[PDB]
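Structural features, examined
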Amino acid sequence: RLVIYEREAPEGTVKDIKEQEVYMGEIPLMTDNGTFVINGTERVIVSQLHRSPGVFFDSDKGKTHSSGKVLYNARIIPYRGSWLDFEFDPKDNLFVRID
Amino acid sequence: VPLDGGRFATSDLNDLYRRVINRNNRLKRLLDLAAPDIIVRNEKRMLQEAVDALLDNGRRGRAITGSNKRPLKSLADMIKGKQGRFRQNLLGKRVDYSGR
Amino acid sequence: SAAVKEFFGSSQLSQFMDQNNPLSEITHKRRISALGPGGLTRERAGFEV
Amino acid sequence: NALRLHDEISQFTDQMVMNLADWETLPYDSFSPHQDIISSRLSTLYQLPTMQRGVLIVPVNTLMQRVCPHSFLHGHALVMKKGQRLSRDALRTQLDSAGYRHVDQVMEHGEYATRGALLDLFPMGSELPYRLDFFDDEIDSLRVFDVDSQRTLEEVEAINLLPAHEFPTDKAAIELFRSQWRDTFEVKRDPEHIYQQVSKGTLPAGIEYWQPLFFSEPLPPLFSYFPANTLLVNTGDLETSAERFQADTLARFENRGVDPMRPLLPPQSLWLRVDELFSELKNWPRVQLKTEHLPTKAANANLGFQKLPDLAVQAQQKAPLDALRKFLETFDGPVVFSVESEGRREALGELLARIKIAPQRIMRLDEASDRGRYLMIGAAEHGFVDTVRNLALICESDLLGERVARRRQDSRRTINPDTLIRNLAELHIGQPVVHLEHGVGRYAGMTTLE
Amino acid sequence: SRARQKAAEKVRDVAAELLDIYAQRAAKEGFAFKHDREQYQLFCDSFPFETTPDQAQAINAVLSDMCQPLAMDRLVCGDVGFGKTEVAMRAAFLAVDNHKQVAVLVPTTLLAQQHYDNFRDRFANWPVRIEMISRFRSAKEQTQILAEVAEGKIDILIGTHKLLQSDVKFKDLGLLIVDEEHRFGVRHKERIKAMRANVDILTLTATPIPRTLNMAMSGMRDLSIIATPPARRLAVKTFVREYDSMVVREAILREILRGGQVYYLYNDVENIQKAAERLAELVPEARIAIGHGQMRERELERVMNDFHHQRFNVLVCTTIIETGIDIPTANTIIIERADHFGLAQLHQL
RNA sequence: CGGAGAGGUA
DNA sequence: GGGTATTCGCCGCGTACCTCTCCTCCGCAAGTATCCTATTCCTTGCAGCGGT
DNA sequence: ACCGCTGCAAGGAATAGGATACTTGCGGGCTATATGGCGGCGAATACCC
Ligand SMILES: Nc1ncnc2c1ncn2[C@@H]1O[C@H](COP(=O)(O)OP(=O)(O)OP(=O)(O)O)[C@@H](O)[C@H]1O
Ligand SMILES: [Mg+2]
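One structure accompanies this document, and this report is about it.

Conventions and cut-offs
Residues numbered from 1 in each chain as written, not as in the entry; some residues may be left out. Chains lettered and ligands numbered in written order. Part of a larger assembly, values for the part shown. Heavy atoms only, no water. Residues with missing side-chain atoms left out of burial classes, pairs and counts. Helix = DSSP H or I, 4+ residues; strand = E, 2+ residues; numbered from the N terminus. Contact = heavy atoms within 4.5 Å. Rg over C-alpha atoms; globule rule 2.2 N^0.38 Å. Buried < 20%, exposed > 50% of the residue type's maximum accessible area, 1.4 Å probe, protein only. Near = heavy atom within 4 Å. Polar contact = N/O pair within 3.5 Å; in protein donor to acceptor, adjacent residues only side chain to side chain. Nonpolar A, V, L, I, M, F, W, Y, C, P; charged D, E, K, R; others polar. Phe/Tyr/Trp six-rings, centres within 6.5 Å; stacked < 30°, edge-to-face > 60°. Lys NZ or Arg CZ within 6 Å of the ring centre and 35° of its normal. 1 Å grid on protein atoms, 1.4 Å probe; cavity = no way out; pocket = protein on both sides within 12 Å on 5 of 7 lines; lining within 4 Å. Points joined across faces, edges and corners; volume = space filled by probe spheres on them. Buried area = accessible area lost by both parts, 1.4 Å probe. Salt bridge = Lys/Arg side-chain N within 4 Å of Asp/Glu carboxyl O. Axes fitted to C-alpha atoms, helices over the stretch in contact; angles between N-to-C directions. Parallel < 35°, antiparallel > 145°, perpendicular 65-115°, else oblique. Left-handed = near helix turned anticlockwise from the far one by under 90°. Donors = N, O, S within 2.8 Å, 3.2 Å for Na, K, Ca; no water. Areas by Shrake-Rupley, 256 points an atom, 1.4 Å probe, with all protein chains shown as cover. Core = buried A, V, L, I, M, F, W, Y, C linked by side-chain atoms within 4.5 Å. Arc of directions from axis to C-beta. Pairing = 2+ DSSP bridges.

Things to note about the overall build of chain D
Counting its regular elements, chain D contains eleven helices and 19 strands. On the principal axes, the C-alpha backbone points of chain D span a range of 110 × 75 × 50 Å. Put simply, of all contacts in chain D between residues at least 6 apart along the chain, 63% involve residues at least 24 apart.

This is how it looks when you write it as structure tokens:
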């Protein structure tokens, strides 16, 4: 439904409004079972198990620096966007890195 | 080799060779014309980059690609690795009079 | 239509149905792949995952 | 207007009509004045105390501005052509005020010599000493001689050593700028603040608008640069455009009087105030050219300069040249056609052949007769019937008057015909209806919408 | 809906026509013009400038190519505002001094008008009658210009695509000067070569469209670049900002209080009236006129004439000014929506 | 023939 | 200078076999230039028209 | 019977809406960014004298 404003009127009016059942997209339909038919070949989209978006505090268990020093780190992991990480230099500093 | 649809396969080596030959012919013409130095300089930069990508692509941090955003297969990439000539066609190879 | 046909047709998680059983179909639909986009890689996954 | 006048005046005379190349930036702008401009903005100023004839065109945008205040000009510069009828000891005392030292073997900056007839200098600006050879109250040579060998490399006619920046840039002036800065503004520690930018040696983008700090003597109002006897000719009005420019400058000052980074001097410090500007235009003998009937008195006069009659042409009438063909018979005086370019003369020479008028080409407007058609090439933009001396000037923009089309056609609307459309709504549902812009539809009821 | 009804029959094969045009080109011997030293020295002396040592190299190449028994086909690719047009005039003089009917082809009406004025300016004493044919000239002027051309009295004819409309029959065509050829397609560039094969073509452009740049880089045409910007030109400072009324206002006032003029390129005809009204409410200090190639054309004549005479400052314009409008006072362009423009387009603007 | 991807046997 | 520290980019990571699918042109929008009818509006050419 | 002045009026000219040909971009188009590795090593800064 497309509204059209008029210019010289104050902020927010209507000249006309036109609506029309516009066609957009063909979405494949899941059959009665769970299989799609995509080009005549019957496909199945399996569920995926990924790390949940959020924030996680991990640490390599002294895998580096050979001192037994645990280098704690944090990841802010969005669902969609650019990641964010904080970590510790073996000198007990604190550095950020992006993507 | 034809793809059986009237067109031909990509065959990345010929693509790299066409790139190099095109830049080289253009630079030869532009050197014949005594063009100003700012133009011939980046022409020679382009030619150096093209021959670079022909001999060994990906040894620069930048690699040029065709389809699917993977870099092309250069003449050094046809020798290296598990799929080069040495490990896939010379040390061990497919054999006639054989069954399974 | 392009962004949807690309996902349904050619993805890593839209795969050809195993169909030599009723069991194979019904246990390939209830599959939990830990791979695909936004996930780990087959030959670079350690002993702990 | 100034630019326009610089083309018009040069058409009607031959004195050296010349502008004063202003910083093309806006008040407190962020751009540099493009050093080439300064090389023509200083040179004018160096000749200005002694120009003996000619016209200098300034707008009030530049007239209200302040400029380098003496010293720096007669200290850090030397312009001199061979036609400088000047002595030896005058240059001696001016270099004395410039602080140069009398050295017979000139080798380093700030050194000068006056021996016999030949004068030597090692200027502040360059690294080359020059031999001058004044004869008989006049300069005669520009001999580029070595720092030590005293052997001429080249004989030149005119020398230009101008500073390539409007303000002094050496270390002492930088220290002065910093000291005045700490006097007025406040320094913040940031590698982009202009205090540290200048201190590190670089000049920021709009550095010219922090001019007055560098000098420690107030900038002169540009009127000190005028000769002894000028005659300020005005145009239009000044006590209306100076005020407009002052208001706009104040607007820019408050607009950019934010941003603690890069702060600004008050407009009083880089511009005359309109009160001062009219304190100074009561110090020069003045002539105002204004386009309206001034009543009667001494110091007032009226020059009968009527406008041209209705001169226009159009291809609509079978006789297009009617206004001109009827004007040019009823005119006892001469007529000068003032075509724009050279080629346009031909585009006007084959159009006045259509009514048997062949214009001579004159050079100066006072070559016209009692009775003749002439044309001259310049850049004038509108005509006039000079009814004093009966002459007329018909500029080419008085043969192309106006365009008046788009007068349309009758009726773009019909009112109260087959369907009045009074419409206190009573219409049924499904009843055909006409929207004026889209045609026929079917009315399907009231509705409510967001 | 109905716009998809048209096409798909490839109604005409172009390969056969182009091959036959070129084949007729390569067979016929060219015209070898005659060069008079002093009689062209006077034309050089009328030039109120100095030919930079690359422009005077392009000019010498063009003349020594025209005075050869073959047929020229030269591209004069040189950066914008470097004086490519004076190459065209110093070749046009050599052509028409042998009574040879130059034909200049420009891809828009305003450029046609400007070139008409410039050519009348330059050839302002030599007896060569220059005329312009376009949609500005009315149908009682075209029907006389065409009769003149056919009888062979007009000796330079500057025209838009109206030139190549099959009713324009030159008597003795001797030189074709395509100007701003990164337009015109192909058939327009060849429609004048097709009628007279051995004609000499001098192709002026600043950013040649890729086909006729490759075809110059492979030897089919010659190429004579121009560098060494002429006298005191400064590289234009380019700024890329998100659109902002304050940026627009500051840019416009900086230009106007300098005294120059502004192209405010908008490139949308339906909304250009509202855009000019909005601009004139934003900047009361300016004088604003609208210029685009969909007016009654006696209004466009007036608008771009008044612009040349400083009668207004800001010109709210479409890309009709993309093709070499000179106006040496205009010193600020403001491209309204620069995201959808080609690299060549942005460079010409 | 190449590329990308999925899965399976020992 | 010079001894040692830290970081950074390149190298590598199993064999053999089997099965499957999926991989760019061509319409839209903007501008320009022209041409082509139909409608209406000056424009004057001719006939009227009363006056002489 | 002669004349200037105008009304009809035929057409002439300009003005609209429709069609066609270029240039440009956009955008998907049936062989044209991802972030879930790690270890070794030797060369290149770098740090502390
Ligand atoms: N050698 C020169 N020295 C100084 N000025 C020159 C020189 N050659 C040309 N000019 C000036 O520079 C301007 C360039 O305009 P011109 O049309 O001649 O070239 P152009 O603008 O690049 O061509 P186009 O109009 O096709 O873009 C002209 O006004 C001309 O007067
Ligand atoms: Mg040109």
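Re the overall build of chain B
Helix and strand counts for chain B come out as three helices and zero strands. For 100 residues, the compact-globule estimate of 2.2 N^0.38 gives 13 Å, and chain B exceeds it by more than 25% at 19 Å. Across its three principal directions, the C-alpha atoms of chain B cover 65 × 35 × 25 Å. A burial count over chain B gives 21% of its 100 residues as buried. Excluding contacts between residues fewer than 6 apart, the proportion of contacts in chain B whose partners are at least 24 apart in sequence is 36%.

Overview of the protein's contact with DNA strand G
With respect to spatial proximity, 32 residues lie near DNA strand G, and among them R59 and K82 of chain B together with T108, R135 and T160 of chain E are the closest. By atom count, sugar and phosphate contribute 98% of the portion of DNA strand G lying within 4 Å of the protein. In the model, a phosphate oxygen of DNA strand G is placed 2.9 Å from a nitrogen or oxygen of the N39 of chain A side chain. Interatomic distance of 2.8 Å between a backbone N/O atom of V269 of chain E and a phosphate oxygen of DNA strand G. For the surface near DNA strand G, the class distribution of residues is four nonpolar, 14 polar and 14 charged.

With respect to the packing of aromatic side chains
Taken as a whole and judged by the stated rule, the model has 29 aromatic pairs over all chains. Ring centres of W23 of chain D and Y209 of chain D lie 5.5 Å apart, and the angle between their planes is 80°; this geometry places the pair in the edge-to-face category. A residue pair is termed long-range when its members are at least 10 positions apart, and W23 of chain D in the loop between β1 (17-18) and α2 (36-47) and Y209 of chain D in the loop between α7 (194-199) and β11 (232-233) qualify at 186 residues. Both rings, one in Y28 of chain D and one in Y209 of chain D, keep their centres 6.1 Å apart while their planes meet at 35°; by these two values the pair is tilted. On the criterion of sequence distance, the pair formed by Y28 of chain D in the loop between β1 and α2 and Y209 of chain D in the loop between α7 and β11 is long-range, its members being 181 residues apart. On the basis of relative accessibility, which here comes to 4%, the residue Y209 of chain D falls in the buried class. What links up through ring pairs into an aromatic cluster is the set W23, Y28, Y209, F245, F253 and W271 of chain D. A cation over an aromatic ring shows up here: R131 of chain D above the ring of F145 of chain D, its NZ or CZ 3.9 Å from the ring centre. Lying over the aromatic face of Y116 of chain E, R137 of chain E brings its terminal NZ or CZ to 5.5 Å of the ring centre.

A look at empty space enclosed by the protein
Reported here for the largest cavity is a volume of approximately 110 Å³. In this structure, the largest cavity is lined by 14 residues; those nearest its centre are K189, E190, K193, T203 and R221 of chain E. Those elements that provide at least two residues to the lining of the largest cavity are β5 (175-179), α7 (187-195), β6 (201-204) and α8 (211-217) of chain E. Taken as a whole, the second largest cavity holds about 50 Å³ of empty space. Around the second largest cavity, the lining residues are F167, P168, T169, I174, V198, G201, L203, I207 and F214 of chain D. Of the residues that constitute the lining of the second largest cavity, the class distribution is seven nonpolar, two polar and no charged.

Looking at the interface of chain A and chain C
The interface is formed by 17 residues belonging to chain A together with 22 residues belonging to chain C. Between chain A and chain C, a total of about 1,700 Å² is buried, with carbon and sulfur atoms accounting for 62% of that surface. Summed over the three residues of chain A that lose the most area to chain C, namely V44, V46 and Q48 of chain A, the buried surface amounts to 32% of that side. Where chain A meets chain C, there are zero salt bridges. One can count nine residue pairs in polar contact joining chain A with chain C.

Concerning the packing of helix α1 (residues 14-27) of chain E against α7 of chain E
All names here are of chain E. For the pair α1 and α7, interaxial distance at closest approach is 10 Å and the crossing angle is 45°. Considered as vectors, α1 and α7 are oriented oblique to each other. Considering the relative orientation of α1 and α7, their crossing is left-handed. Residue-level contacts link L18, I21, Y22 and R25 of α1 to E190, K193 and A194 of α7. Residues belonging to the contact of α1 with α7 are distributed by class as follows: four nonpolar, no polar and three charged.

Regarding the coordination of the magnesium ion (ligand 2)
Bound to the magnesium ion (ligand 2) are the protein donor atoms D179 of chain E (OD) and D179 of chain E (OD), situated 2.1 to 2.7 Å from the metal. Mapped onto the secondary structure, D179 of chain E falls in strand β5.

Notes on the site of ligand 1
All names here are of chain E. Looking at ligand 1, there are 18 residues lining it, with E50, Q55, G81, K84 and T85 nearest. Within the side chain of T85, an N or O atom sits 3.0 Å from an oxygen atom of ligand 1. Residue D179 places a side-chain N or O atom 3.5 Å away from an oxygen atom belonging to ligand 1. For ligand 1, whose unbound accessible area comes to 620 Å², protein coverage reaches 86%.

Description of the pattern of salt bridges
Taken as a whole and judged by the stated rule, the model has 50 salt bridges over all chains. Between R75 of chain A and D85 of chain A there is a salt bridge, with its nearest N and O atoms 3.5 Å apart. Here the residue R75 of chain A occupies a position in strand β7 (residues 71-77), and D85 of chain A occupies one in strand β8 (residues 84-87), the gap between them amounting to ten residues. Across the pair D56 of chain B and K80 of chain B runs a salt bridge, and its minimum N-O distance is 3.8 Å. Separated by 24 residues along the polypeptide, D56 of chain B in the loop between α2 (37-55) and α3 (85-90) and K80 of chain B in the loop between α2 and α3 bring together distant segments of the chain. Residue classification places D56 of chain B among the buried positions, given a relative accessible area of 13%.

Regarding the protein's contact with RNA strand F
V1, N68 and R70 of chain B together with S11, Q12, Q15 and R42 of chain C make up every residue found near RNA strand F. Near the protein, meaning within 4 Å, the atoms of RNA strand F are sugar or phosphate in a fraction of 100%, with bases accounting for the rest. A distance of 3.2 Å separates a sugar or linking oxygen of RNA strand F from a polar atom in the side chain of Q15 of chain C. One nitrogen or oxygen atom from the side chain of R42 of chain C is found 2.3 Å from a phosphate oxygen belonging to RNA strand F. Among the residues forming the surface near RNA strand F, the class breakdown is one nonpolar, four polar and two charged.

Overview of the side chain of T319 of chain E
As for its position among the elements, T319 of chain E is in the loop between β10 (314-317) and β11 (330-335). Setting aside chain neighbours within four positions, we find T319 of chain E in contact with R183, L265, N267 and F341 of chain E.

Focus on the nonpolar core
With 48 residues, the main nonpolar core has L45, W181, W210, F223 and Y225 of chain D as its most contacted residues. Listing elements by their share of this core, those giving two or more residues are α2, α3 (60-63), α4 (72-75), α6 (171-184), α7, α8 (241-255) and α9 (274-280) of chain D. With residues up to four places along the chain from it excluded, the contact list for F223 of chain D reads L63, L232, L272, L277, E280, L281 and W284 of chain D. In this structure, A88, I130, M132 and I226 of chain E belong to the second largest nonpolar core, which totals 40 residues.

Focus on helix α11 (residues 298-308) of chain E
Turn by turn, an α-helix covers 3.6 residues, leaving residues three or four places apart pointing in a common direction. All names here are of chain E. For α11, the set of buried residues is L300, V303, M304, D306 and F307. Seen from one end, α11 has its buried residues packed into an arc of 155°, which puts them on one side. The secondary structure elements touched by the buried residues of α11 are α5 (109-122), β8 (261-265), β9 (288-291) and β10. Note on α11: the residue one or two positions beyond its end, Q310, has a positive phi of about 55°.

Focus on the sheet that holds β11 of chain E
All names here are of chain E. If you walk across this open sheet you meet the four strands as β9-β10-β8-β11, and the pairing is parallel. Two strands lie at the open edges of the sheet, namely β9 and β11, each paired on one side alone. On average, each strand axis in the sheet is inclined to that of its neighbour by 20°, with strand direction left out of account. Pairing analysis gives four bridges linking β9 to β10, with the strands arranged parallel. Its bridge partner being in β10, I288 is matched across the sheet by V314. Together, β8, β9 and β10 form the strand contacts of helix α10 (residues 269-282), whose direction differs from that of β9 by roughly 165°.

A few points about unusual backbone geometry
Phi is positive for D4 of chain B, which is not a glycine, with a value near 65°. With respect to the helices and strands, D4 of chain B occurs in the segment before α1 (12-32). A positive phi is found at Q101 of chain E, a non-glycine position, where the angle reads about 60°. By the element assignment, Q101 of chain E lies in the loop between α4 (84-96) and β2 (102-105). Accessibility expressed as a relative area gives 3% for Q101 of chain E, which makes it buried.

Remember that the coordinates give geometry; whether it matters functionally is a separate question.
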